[PDB]
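Written out below as structure tokens is the structure these notes cover.
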Amino acid sequence: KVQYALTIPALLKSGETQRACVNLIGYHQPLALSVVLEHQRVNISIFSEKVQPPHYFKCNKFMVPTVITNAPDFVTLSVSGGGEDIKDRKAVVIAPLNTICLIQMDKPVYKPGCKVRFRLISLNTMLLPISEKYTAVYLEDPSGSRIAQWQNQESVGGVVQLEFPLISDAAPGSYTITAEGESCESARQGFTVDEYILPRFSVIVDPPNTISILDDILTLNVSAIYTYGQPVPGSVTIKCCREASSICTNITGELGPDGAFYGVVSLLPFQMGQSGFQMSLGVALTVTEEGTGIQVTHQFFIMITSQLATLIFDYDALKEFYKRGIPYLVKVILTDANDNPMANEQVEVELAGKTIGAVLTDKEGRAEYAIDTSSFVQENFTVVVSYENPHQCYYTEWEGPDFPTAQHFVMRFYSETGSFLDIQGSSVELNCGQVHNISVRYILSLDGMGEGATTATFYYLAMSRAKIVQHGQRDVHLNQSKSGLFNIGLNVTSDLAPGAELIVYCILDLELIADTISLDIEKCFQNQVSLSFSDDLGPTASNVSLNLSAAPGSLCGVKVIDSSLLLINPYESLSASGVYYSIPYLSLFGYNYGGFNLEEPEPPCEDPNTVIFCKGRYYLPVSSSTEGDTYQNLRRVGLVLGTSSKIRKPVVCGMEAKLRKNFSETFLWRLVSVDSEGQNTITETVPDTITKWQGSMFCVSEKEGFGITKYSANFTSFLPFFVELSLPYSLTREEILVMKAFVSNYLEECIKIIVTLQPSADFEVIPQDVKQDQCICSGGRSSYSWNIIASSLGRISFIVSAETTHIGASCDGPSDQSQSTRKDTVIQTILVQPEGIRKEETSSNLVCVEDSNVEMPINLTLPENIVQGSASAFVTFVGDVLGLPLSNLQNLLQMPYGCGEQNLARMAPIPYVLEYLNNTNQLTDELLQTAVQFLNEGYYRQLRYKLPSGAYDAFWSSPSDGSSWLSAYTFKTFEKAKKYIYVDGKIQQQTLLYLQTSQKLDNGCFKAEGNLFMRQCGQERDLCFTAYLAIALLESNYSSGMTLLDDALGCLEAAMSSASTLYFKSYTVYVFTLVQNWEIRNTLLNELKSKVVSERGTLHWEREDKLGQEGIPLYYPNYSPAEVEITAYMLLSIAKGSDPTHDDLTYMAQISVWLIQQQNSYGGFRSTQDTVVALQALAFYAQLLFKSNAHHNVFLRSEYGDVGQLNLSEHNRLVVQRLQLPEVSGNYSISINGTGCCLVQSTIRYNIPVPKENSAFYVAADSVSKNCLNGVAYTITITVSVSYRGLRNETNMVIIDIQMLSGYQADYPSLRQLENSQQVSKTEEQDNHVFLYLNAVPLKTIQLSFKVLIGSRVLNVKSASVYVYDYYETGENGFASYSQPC
Ligand SMILES: *[C@@H]1O[C@H](CO)[C@@H](O)[C@H](O)[C@H]1NC(C)=O
Ligand SMILES: *[C@@H]1O[C@H](CO)[C@@H](O)[C@H](O)[C@H]1NC(C)=O
Ligand SMILES: *[C@@H]1O[C@H](CO)[C@@H](O)[C@H](O)[C@H]1NC(C)=O
Ligand SMILES: *[C@@H]1O[C@H](CO)[C@@H](O)[C@H](O)[C@H]1NC(C)=O
Ligand SMILES: *[C@@H]1O[C@H](CO)[C@@H](O)[C@H](O)[C@H]1NC(C)=O
Ligand SMILES: *[C@@H]1O[C@H](CO)[C@@H](O)[C@H](O)[C@H]1NC(C)=O
Ligand SMILES: *[C@@H]1O[C@H](CO)[C@@H](O)[C@H](O)[C@H]1NC(C)=O
Ligand SMILES: *[C@@H]1O[C@H](CO)[C@@H](O)[C@H](O)[C@H]1NC(C)=O
Ligand SMILES: *[C@@H]1O[C@H](CO)[C@@H](O)[C@H](O)[C@H]1NC(C)=O
Ligand SMILES: *[C@@H]1O[C@H](CO)[C@@H](O)[C@H](O)[C@H]1NC(C)=O
Ligand SMILES: *[C@@H]1O[C@H](CO)[C@@H](O)[C@H](O)[C@H]1NC(C)=O
Ligand SMILES: *[C@@H]1O[C@H](CO)[C@@H](O)[C@H](O)[C@H]1NC(C)=O
Ligand SMILES: *[C@@H]1O[C@H](CO)[C@@H](O)[C@H](O)[C@H]1NC(C)=O
Ligand SMILES: *[C@@H]1O[C@H](CO)[C@@H](O)[C@H](O)[C@H]1NC(C)=O
Ligand SMILES: *[C@@H]1O[C@H](CO)[C@@H](O)[C@H](O)[C@H]1NC(C)=O
Ligand SMILES: *[C@@H]1O[C@H](CO)[C@@H](O)[C@H](O)[C@H]1NC(C)=O
Ligand SMILES: *[C@@H]1O[C@H](CO)[C@@H](O)[C@H](O)[C@H]1NC(C)=O
């Protein structure tokens, strides 16, 4: 006879080689086989062999033709021979496959100020590199807007390397990535960038997390640590209790040796064992400090349990089918409390309703019994196990059983002739390169394969992902009668991916009996990599050598990362399992694939009313609904058989189925290629940070594949001799500060040390007369200190030193030849600044000389009551009119930034100045690069304030329903500045749509949102906003056909009779110049020209604020910021004329000289909204006046001699000439000769001691101590009061900046508390100044309060200053003093 079997997967994978296995047996004459995978048109030739005598088990390769959409095909088998011929036809589905794109994100957690290092990898379905082209690689901020994009990223070796710096702001959240490709669909990825906050404490506690009722002691192992690993002396108090139904205890302790508290808590006061239960013991632990009153609180709940003993079923062994004659292996796992093994115990197993086993455990709660399954013909067979011991404490709560109990429900396994195969499953990860010997048990009954032959062959098959690999045959000699086991020599290799399913079957005479399991294989990646450093230990500035080897001809990307991250976010992208799980169809399940059943029709149902004469009684057929046989053993692995033998159970009708570390950057990111066998040496330089240096790589090759390293190589860099200095940021003149130098020894031998401070003449040092050579040893640190007099000015550097005379063997034993000399000197910086506040006085001038000479003097007069020693006289020359605001673009104004409008002053005038430079043939490559960098940084900073509604608002920390004016400003600036840097079009579209929806048409006028920007225009706020919206629309390159623009022009047309405001008239003039008009613009500017204020050679427009024209109630400040904006629009409008005539160039000069007069030493004029417009107008005006050569030589003289002889030319046209007068009270006179226009600026810088003598913006600051001890107080509390006493309608956004009291620091929790509370819109700290942005300050006094810690202690502390000023009008300001509470 002929018995045959095809084994093929049901779902073939297109384009990759698979295997088909054939199992012919029984025949005697030679045969001729043919297997064809009938595609649409072509015939494949899987087998075309001449088969010869019996036992033909061969499994042959074939290539699946590539197909783009899953399609069903047939497999035909022919057995043509001399005798019987067999024809068979099964069905399979050929499926398509994509290519996989992966993102390697090194440094899993990111912080602001870092560099995100991409890596795109494209792979075939088999892990091989392919060339891939990308078109839409870009990032996305948590707000959902694209930040950066790359175009046409071509892959060189299947890997694309990208970099992206992250701005110092870096809005915390989860940035995402999109990487669209010609084959991939979306290679999405995520970030976990978090705000870098470093709390001064970190408390560590590890509760048992579960306590039994019969427990009397609860032990706590709690400690606390600083940020940099220092002990925290103080008091730790812990209070724990619980509620009862419908008592508390508390203990305290002290620490200090190293930081540790063994907080034993007795449960006797607690009602453990009584009705005062709540199943949860709450615990609150608080740690404090002796000096500072700051405390850290940590609360956790400890579970209260009652089930002391637990018995469970391990669902790895203990299969769900029972076979006749094969013992059923019952394995029970016994654990107590928090999952601990048990000693010798008896678990009683009930088979059906009677205990049969009484199994003793194996000293680890791993008990096993062998239920004899012979003569079981039932269909359910529920086995139950229990922990019967009438001594344990088992008081259940949910009215459950009184002893641990588990139940397992099984099924019956069918086989026609009577024979069964079982495979002893494995519950461990099988390693690569090792032959394994999985065991198979078999019952092979009589009346089956045939008595008289004591030999049986069991065929053997494995399935890795969707393909058959490692076929085999194991033949057994039946020396005994019918039972036993044999070993399967499986050869696990890298070609078996995770999840390899094993199949063993035997074909007896008419029955094919098969059993399958689901082995787990470790991930080996068919490649080998041997990343390894050349030394585990080294100094902090050593030359690290790295020796990597892999498969020949491999492109191989390396990475070295601080492992401090892996203790925070242990989720590495591109792990050993992510790659493998990114593979389609790695474990077939059934026959339903792509909407195709692939299942042959069921056989006919046997009639259940036909009697049977079996032994002596009539019988009737019966079949279980839920059962298992060979067919359900397959159809689960996924194979397709075509055997003649029976593989399905019979069925009868009527019974159917129915962040705490300062980790540094990755210092190598190379992508090296491997030459020959592979001995590449990667050489880099280690950074200074003292951490771990775990190294990994992914190492692809076009021939074999890539192998990720398994155990990352580890490196450690440390300094044997540590010296550290702690200093405050700034100090006050003639103040006695103490220096604290920590010297530490990490050598195994005890050492001595001598430390010396280099004396200097700039600053004096108090001779402390302290000298002790402490015999410090391993794990120790000293606290040598010195007294420093701050009798100097400005920047001073402190240098410490060491000599390391040690006598290593303790102190008595001489070192001899053990060490020679260790040198470690650390530089430190200090800035001493005179007492008082800073003041400036700038008088800029423009010189227009045509072969003439100018001898203007310098009119400088230091004010009376001035601090001596703080005085400097400064002179600035620039070769171009708009030349100075080029080196100071990022710091155009000294004001603190952080609001929406404030931020649009470091990127708003840069497009205009760049356009001016490009137009007057002066742009340079590096200057353009710097301008682009500034623009891009500004875009990153400003993108943070965007609301999801599409509108832009200030104070992202305190959102309020968007701000229409700020949205218009940001939209206009982005549209103007999208020529150079990348700008998302969706963001502009969304903001424009928000402007669309912001109709709110009060009569014919638009209405603006927010109430903190046009606070000075009065009731005309709507008209002013409409005019500004029109200005933005015109100068964003929009024609007058838009609906918003047409409506705005219609609104502005009917405004001449009303709108008697000199602020609104300027806006209307500018918009009617932008919309080129001859009559309306002309008559409006003719009206405005009448109200011009004339000075000596300069013309400008005052605010014309008739309401309250006085000088005492805060109206004396002459430099009103408002008039600068109006004059700048006036200059812009007159410049944007039809043809500037000779009678109008003089007007240009007379309006520009005054405007350029109000320019500070940095470029900013008066405020952000003013300096932006002033710079734009100055750029446009200087566009119309330019000299090719512009010869200028300038020299400054005094009554004693000539200071300097500077020269200005084309080469010296964009760099600023800076000079300092040696004498601050001299008699100086400058001289400029040549032709052209130049700027000369003379400034005086000094200090004044808080001139609080007059009526102003009333500010009063005072303080209280809380922890005042022996003089200096550890914690301070500042409370300030602000009130407004001027004559204005309402006030605008105001800032109060407080200078910290010498060497103190801001209390970040207190500042954050002020931020969360709704009194200050935003709080910021930098360089010992804290800025608080108040939205408004009314006549009613506003009181604020916040705390301040102590850093480096200092005595003889002088006063500090609190300064309040309106951000948009610095004329109304107030000063207040601040003193130490003690
Ligand atoms: C090729 O396949 C066809 C079915 O399309 C079938 O006749 C047979 O398997 C092959 N015939 C020839 C002539 O190769
Ligand atoms: C498959 O069988 C054919 C029969 O002639 C044989 O020549 C071939 O080497 C076998 N293997 C492959 C991969 O074709
Ligand atoms: C713990 O706090 C409670 C507060 O009710 C107090 O009564 C008790 O005295 C405290 N424990 C100690 C040891 O002081
Ligand atoms: C913490 O570690 C173990 C675990 O509780 C304990 O034996 C040890 O005594 C504890 N150490 C301290 C300092 O409490
Ligand atoms: C099997 O049949 C018995 C008969 O009463 C029934 O109690 C049980 O719930 C069924 N199922 C299992 C898994 O034992
Ligand atoms: C598995 O067991 C068989 C028993 O004879 C032995 O021959 C073989 O070497 C074993 N394989 C191992 C231990 O890897
Ligand atoms: C297992 O497979 C590997 C890879 O082909 C081979 O090198 C090794 O010799 C095999 N082991 C045995 C025992 O055949
Ligand atoms: C590389 O190492 C060598 C000696 O090991 C030496 O040149 C130096 O330490 C390293 N190179 C640089 C540039 O630091
Ligand atoms: C953290 O980063 C580096 C150390 O590698 C250092 O330059 C920087 O100042 C550190 N910042 C803080 C706050 O410690
Ligand atoms: C390196 O560190 C890893 C961290 O888990 C560790 O498993 C490994 O044993 C260490 N050593 C080497 C040589 O990888
Ligand atoms: C500038 O100084 C030179 C002398 O160095 C003098 O001859 C000349 O007339 C002055 N003026 C101009 C416009 O060159
Ligand atoms: C400028 O000159 C005037 C004389 O008109 C004098 O009063 C004043 O002190 C000088 N300095 C300043 C800064 O105004
Ligand atoms: C400068 O202006 C010219 C004039 O069209 C333009 O082609 C060029 O791109 C501009 N350069 C820059 C850097 O914008
Ligand atoms: C925008 O500028 C382009 C010049 O690049 C100009 O052709 C166009 O008319 C302007 N306006 C609009 C609405 O495109
Ligand atoms: C012009 O400036 C250059 C710059 O080095 C230098 O020759 C000198 O200062 C000037 N030469 C003159 C004034 O002849
Ligand atoms: C400073 O120069 C001016 C020039 O007129 C004049 O007052 C006098 O020569 C000098 N004054 C002094 C030195 O006080
Ligand atoms: C300032 O504006 C307010 C707006 O409510 C109004 O009282 C008046 O027009 C002005 N004067 C005073 C004193 O408020």
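In PDB author numbering, the protein residues as written are 22 to 267, 282 to 693, 718 to 1441.
Every residue, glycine too, gets a C-beta built ideally from N, C-alpha and C.
Query	Result
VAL913 and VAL885 - do their beta-carbons sit closer together than 9 Å?	no
With 16 other CB atoms within 10 Å as the buried threshold, where does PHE777 fall?	exposed
Taking the straight line between their C-alpha atoms, what separation do you get for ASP162 and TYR999?	10 Å
Is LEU1255 near ligand 15, going by C-beta to nearest heavy atom under 8 Å?	no
So does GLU763 have its beta carbon nearer than 8 Å to some heavy atom of ligand 5?	no
Buried or exposed: which applies to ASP1229, given that a residue is buried once 16 or more other Cβ atoms fall within 10 Å of its Cβ?	buried
In chain order, which continuous runs of the beta strand (DSSP E) of length 3 or greater are located wholly inside the region 1333-1359?	1335-1342 and 1353-1358
Would you say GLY959 and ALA1013 are within 9 Å of each other, going by their C-beta atoms?	yes
Got a sec: does ligand 14 put a non-hydrogen atom nearer than 8 Å to the Cβ of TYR1039?	no
Please state whether the Cβ-Cβ distance between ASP747 and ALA576 is less than 9 Å.	yes
Given this structure, state the Cα-to-Cα distance separating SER1099 from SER1220, to the nearest angstrom.	40 Å
For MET1101, which of helix, strand or coil comes out of DSSP?	coil
Consult DSSP for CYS1064 and reduce its assignment to one of helix, strand or coil.	strand
Would you list the one or two residues that DSSP bridges to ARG509?	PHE493
Can you give the beta carbon distance from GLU1182 to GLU1169, rounded, assuming they're within the 8 Å contact cut?	Their Cβ separation, rounded to whole angstroms, is 18 Å, which puts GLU1182 and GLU1169 out of contact at 8 Å.
Alpha carbon to alpha carbon, what distance is there between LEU1144 and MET1189?	9 Å
In terms of residues, what are the limits of the alpha helix (DSSP H) holding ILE1139?	1139-1149
Restricting to Cα atoms, I'd like to know which of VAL158, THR213, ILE168 and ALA378 is closest to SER207.	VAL158
Whose beta carbon lies closer than 6 Å to any heavy atom of ligand 2, going through the chain in order?	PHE68, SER69, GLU70, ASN81 and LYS82
By DSSP, does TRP845 sit in helix, in strand, or in coil?	strand
Do you know how far the Cα of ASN977 is from the Cα of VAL1379?	43 Å
Compute the minimum distance between the beta carbon of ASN1096 and the heavy atoms of ligand 14, and state whether it is under 8 Å.	yes
Compare the C-alpha of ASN526 against each of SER589, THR327, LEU1052 and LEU554 and name the closest.	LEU554
Indicate the three-state DSSP secondary structure (helix, strand or coil) for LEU1278 in the structure shown.	strand
If you check the beta carbons only, do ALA169 and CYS135 fall under 9 Å apart?	no
Between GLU464 and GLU557, which are expected to be in contact by the criterion C-beta below 8 Å, what is the C-beta distance as a whole number of angstroms?	5 Å
Suppose contacts are defined by Cβ-Cβ distances below 9 Å. Is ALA932 in contact with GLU1312 by that definition?	no
For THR880, which residues of its own chain have a beta-carbon under 8 Å away from its beta-carbon, when the five flanking residues on both sides are left out?	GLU862 and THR863
In the DSSP output, which residue or residues are listed as bridge partners for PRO376?	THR370
Could you tell me how far apart the beta carbons of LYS650 and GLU451 are, in whole angstroms, since I believe they sit closer than 8 Å?	Not a contact, Cβ separation roughly 19 Å.
For the region 477-489 against the region 429-441, do three or more pairs of beta-carbon atoms, one drawn from each stretch, fall closer than 8 Å, so that the two count as touching?	no
Here's a check: name, in chain order, each residue in its chain whose Cβ is nearer than 7 Å to the Cβ of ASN1387, leaving out the five neighbours to either side.	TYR788, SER789, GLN1358 and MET1359
Have a look at the DSSP bridge pairing and note the partners of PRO916.	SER1288
Assign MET1101 to buried or exposed, taking buried as 16 or more other Cβ atoms, counted over all protein chains shown, within 10 Å of its Cβ.	exposed
Taking the alpha carbon of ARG140 as the reference point, which residue from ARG1347, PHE416, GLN174 and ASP821 has its own alpha carbon closest?	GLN174
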